[PDB]
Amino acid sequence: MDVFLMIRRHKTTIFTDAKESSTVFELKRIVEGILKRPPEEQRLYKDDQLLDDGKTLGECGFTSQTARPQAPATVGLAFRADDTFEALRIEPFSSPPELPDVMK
């Protein structure tokens, strides 16, 4: 069962996809391929909860019903800074303008 995701850190968002049976670790390998930071330098989060490398995305709560192509679920990403880890920070997107009058 395919799950569609946004891995988000700061003002970076990765659209990628995997299986309910894929592991958290496998996602870090994707991150590493794109952002050039090894797994041991990355933490992944669901909400504010740290995910273990060995759990499946399914076990973490990502079902294909919820992590959909047109509405992907979010995985948080934080990188190691020196010896400590940065705090998870995901910046929001911009706000649309107010709705046009003729659309109300």
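Residue indices: 1-based, along the sequence shown.
Engineer: On average, are the C-alpha B-factors higher in 60-68 or in 23-31?
Structural biologist: Comparing 60-68 with 23-31, the higher mean C-alpha B-factor belongs to 60-68.
Engineer: Taking the recorded C-alpha temperature factors, which stretch has the higher mean, 69-77 or 51-59?
Structural biologist: It is 51-59.
Engineer: Among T12, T84, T16, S94, which carries the highest Cα B-factor?
Structural biologist: Within the set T12, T84, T16, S94, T84 shows the top C-alpha B-factor.
Engineer: Compared with the other modelled residues in the chain, in which third is the CA B-factor of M1?
Structural biologist: For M1, the deposited C-alpha B-factor lands in the highest third.
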